[PDB]
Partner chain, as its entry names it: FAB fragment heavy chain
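Read the single chain below, which is given as structure tokens and is the form deposited without the partner chain.
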């Protein structure tokens, strides 16, 4: 239960997930000039085998609901981008950025599907133009 790669890059668009299936991982990346604490966590894990999905660890930097987990609160010094590791069955939602007209024809989301032994992300049917 883990996707090999991550969602496709669609030119002039980013993706979020509104919810995170249990088992999803978030790295503890910091802003430049910072580093995750000595003897800290590498990632935060989304567990909810008690029915009340939590995040198992919590990131730290220093100087150099029912079913899914929510978006985790911003920690001290983060990187601009969060790097997630998504499990199979995860849904991800695309939209153009502030300055672009979206061209829709079919689903604007990507799913992580299992085939026989392999993982894949479905292509969102969306084009961004200025």
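Numbering follows the first chain given and starts at 1.
Below: the form deposited with the partner chain bound, not depicted.
- Using a 4.5 Å cutoff between non-hydrogen atoms, residue 75 does not count as a contact of the partner chain in the entry with it bound.
- Interface residue remark: residue 106 is counted as part of the site for the partner chain in the entry with it bound, having a heavy atom within 4.5 Å.
- Shown without its partner, the chain has 14, 15, 16, 17, 18 in segment 6 to 37 as residues with a non-hydrogen atom within 4.5 angstroms of the partner chain in the entry with it bound.
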